[PDB]
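Coordinate-derived values only; no laboratory data. We place every Cβ from the backbone using ideal geometry, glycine too, and count neighbours over all the protein chains shown.
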Amino acid sequence: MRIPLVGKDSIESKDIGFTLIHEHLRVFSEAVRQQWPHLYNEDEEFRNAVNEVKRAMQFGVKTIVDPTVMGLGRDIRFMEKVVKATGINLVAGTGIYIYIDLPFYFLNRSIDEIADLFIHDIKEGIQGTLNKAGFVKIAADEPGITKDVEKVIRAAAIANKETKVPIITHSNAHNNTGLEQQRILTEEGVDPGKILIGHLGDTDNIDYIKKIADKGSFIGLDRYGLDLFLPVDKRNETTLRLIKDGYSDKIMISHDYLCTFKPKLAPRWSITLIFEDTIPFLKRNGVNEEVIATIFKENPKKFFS
Amino acid sequence: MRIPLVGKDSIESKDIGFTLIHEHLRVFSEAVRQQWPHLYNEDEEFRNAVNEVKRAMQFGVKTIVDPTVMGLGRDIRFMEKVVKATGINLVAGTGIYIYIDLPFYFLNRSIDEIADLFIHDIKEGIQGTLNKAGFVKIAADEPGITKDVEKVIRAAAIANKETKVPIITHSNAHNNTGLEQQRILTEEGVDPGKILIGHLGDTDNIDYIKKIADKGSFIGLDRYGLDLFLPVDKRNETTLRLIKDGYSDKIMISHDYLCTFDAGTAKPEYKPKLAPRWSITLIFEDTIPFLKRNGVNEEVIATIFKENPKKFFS
Ligand SMILES: [Co+2]
Ligand SMILES: [Co+2]
Ligand SMILES: [Fe+2]
Ligand SMILES: [Fe+2]
């Protein structure tokens, strides 16, 4: 009745339950895979995604939000297959993931034309299916807010205003891209509480994280396990600090795990690391179950309502 | 047998006949087309491509070389359908068309791993078929020779050295990228005669063009009809001058026609001020008649359109 799900009837936000807000079943570069299909093994990809998702569900995860969009190899049919094999609630999105320029398709195309693509996926369905997009994903990274990155951001704001679906972002935690995304969306009329600024858990700069939260958006502590960006124990210290300072109303936690899509870079990276390490860490440091529920149930409910 | 053809037995290069060295049956952004198929009408693309190819064949064209590769929507199965509807000799390629950065697949991958993809397409076949690639296509434009652009350039060198297929380039005629491409490839051991430096017809700077040709490479006068890069009359004037100064044996001419393109610019849609007479047969309607009435004999026309493509693929 409000949040579309891959391969199922849409649900009211009250039924989302325990959510992993940012996880990927599979990512790839569309052009590479179309051109050199011998590099990929779909059977293996499917088997690893299904296993990872089953494991999450054994810890009580009900819904996964998967922000694989254009540029990351969104495949709605693969997603459907995983949903049939697992029973997971899966929220698919629309959007564009670029760091510099858009594909040449977009040359002399307006922001509204871009937004029309997102709205098509939200109102009509994704890739020829009746599976509808539940959110818009956008990105910026080390190159910053380029001209084309900015067009995409503005297009996301149009789609949100027209359809009410929330916006998930990718940012670089160390160069202000997050704060800029929030600002441009917000200036374009997006409710700050319909934005999740992503990858803030990549830094232990608490003042920058709070800045974005205090402007009204969710803060993505969303790469647990990617030690190369920030080690688990430092993420844990940051999370705990934010909870202790009263920020659990804006915290969202996830792994950004690539289910099929490393001893030094990400030794215990998986879709269940927060059950194995983070949540027990927090509980040992005095965080109650009510806070856990706020982060993994209440916050996603608010984001999608 | 020595040039692979899509949907046909390979041909000796001496049999290639009258050739258009750089034309596209269809181009698109793979990511866009994968994510928003509602934007594209395959029927219309197929009908347009077939119509263009048949009209080129009526003018005597035997062979078309199509440098649509990764980044431009190469689709060997579409190409097969076009061959089967027309009987054209079609040469498909491999390569990577980027202006700035490689797709994220290539993060922390070596130049060799890039080359192996090219070698795969040339020795094994394209996209799971046995249609083999006959050349490598690479690109550089306004952003210049970026690090990833250079990785692709060096990958093409390795592929040529291993398989012997020639290299076609896309360049920006106004920023030296063509000469940079030639430089880096010749440094890596590629024979200059196996390189076509593209889009040099986009300038009337005759001295730049000549510099590349004197270094031993073919020069692509290859966007006839794309008036936004350079109008037909200035292209014709440049082409003629090069032929008079003795450069016939290095000149290749084409239209770079996109029988179907997905960009919004779209150089011919309510916007045919950018490319009014642009089609795959414009050289038969304008350029060849112009050369012929300005002292260029049938021999020189045969050199450009038959002999040079034959050498390039030998
Ligand atoms: Co991200
Ligand atoms: Co080109
Ligand atoms: Fe992600
Ligand atoms: Fe081209």
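Brief remarks follow.
- With Cα atoms defining each centre, the stretch B:7-25 and the stretch A:233-289 are spaced 59 Å apart in the structure.
- Dipole of chain A computed with +1 at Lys/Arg Cβ and -1 at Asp/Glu Cβ about the Cα centre; of A:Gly17, A:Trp36, A:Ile167, farthest Cα towards the positive end is A:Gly17.
- Fluctuation leader among B:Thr129, B:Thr86, B:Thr265 - chain B, Gaussian network, Cα springs under 10 angstrom: B:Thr265
- With N the number of residues in the stretch A:2-84, Rg(Cα) / (2.2 N^0.38 Å) evaluates to 1.17.
- One decimal place: the segment B:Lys244-B:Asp191 gains 16.5 nm when fully extended, by the rule 0.36 nm per residue minus the C-alpha distance.
- Two-site FRET efficiency, A:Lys262 against B:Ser314, from Cβ-Cβ distance with R₀ of 45 Å, rounded to 0.05: 0.40
- By the count of neighbouring beta-carbon atoms within 10 Å, fewest first, A:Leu39, B:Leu282, B:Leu102 end up ordered A:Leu39, B:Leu282, B:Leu102.
- Using C-alpha pairs below 8 Å separated by at least 6 residues, the relative contact order for chain B is 19 percent.
- Only helical runs count toward this figure. For chain B, summing -39,500 (n - 2.57) over DSSP H runs of n ≥ 4 and dividing by all residues gives -10500 deg cm²/dmol at 222 nm.
- Built amide H within the under 5 Å cut-off of A:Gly95, gap 5+: A:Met70, A:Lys137
- Think of each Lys and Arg Cβ as +1 and each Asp and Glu Cβ as -1; about the Cα centre, that makes the dipole of the stretch B:84-236 roughly 420 debye.
- Available extension along the chain between B:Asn48 and B:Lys273 is 78.9 nm, counting 0.36 nm per residue and deducting the alpha carbon span.
- Available extension along the chain between B:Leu179 and B:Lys161 is 4.5 nm, counting 0.36 nm per residue and deducting the alpha carbon span.
- Sequence-distant residues sharing a close amide H with A:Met252 (under 5 Å, placed H): A:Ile219, A:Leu221
- Of B:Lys54/B:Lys211; A:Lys14/A:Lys250; B:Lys84/B:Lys132, those spanning more than 26 Å from alpha-carbon to alpha-carbon: B:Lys54/B:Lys211
- Residue-averaged beta-carbon neighbours from other chains (10 angstrom radius) around B:96-102: 3
- In terms of surrounding Cβ atoms within a 10 Å radius of their Cβ, A:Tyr208, A:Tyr257 rank from fewest to most as A:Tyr208, A:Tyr257.
- Here the spin labels are modelled as points 7 Å beyond Cα on the Cα-Cβ line, and at B:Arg55 and B:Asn297 they lie 3.3 nm apart.
- Scattering curve values for chain B, log₁₀ I(q)/I(0), Debye with Cα scatterers, q = 0.10, 0.11, 0.13 Å⁻¹: -0.50, -0.62, -0.90
- Taking other residues whose beta carbon is less than 12 angstrom from the beta carbon of B:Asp9, and scoring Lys, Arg as +1 and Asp, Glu as -1, yields +1.
- For the protein assembly as shown, a crude dipole built from +1 on the beta carbon of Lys and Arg and -1 on the beta carbon of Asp and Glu, taken about the Cα centre, is about 580 debye to the nearest 20.
- Size of charge dipole - chain B - debye, nearest 20, with Cβ of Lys, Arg +1 and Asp, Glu -1, no other charges: 600
- For residues of B:260-267, the mean tally of beta carbons on other chains within 10 Å: 4
- Simple label model, 7 Å out from Cα along Cβ direction - A:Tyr40 to B:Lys215, nm: 3.7
- Note on B:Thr169, A:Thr203, A:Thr260: ascending count of other Cβ atoms within 10 Å places them as A:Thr203, A:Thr260, B:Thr169, the fewest first.
- Entry note: the protein assembly as shown has Rg to Rh equal to 1.03, where both radii use alpha-carbon atoms and Rh is the Kirkwood radius.
- Entries in B:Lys151/B:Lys271; A:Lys123/A:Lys283; A:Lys264/B:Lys161; A:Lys151/B:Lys234; A:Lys8/A:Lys137 that, when Cα-Cα distance is taken, lie over 31 Å: B:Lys151/B:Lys271; A:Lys123/A:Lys283; A:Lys264/B:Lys161; A:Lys151/B:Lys234
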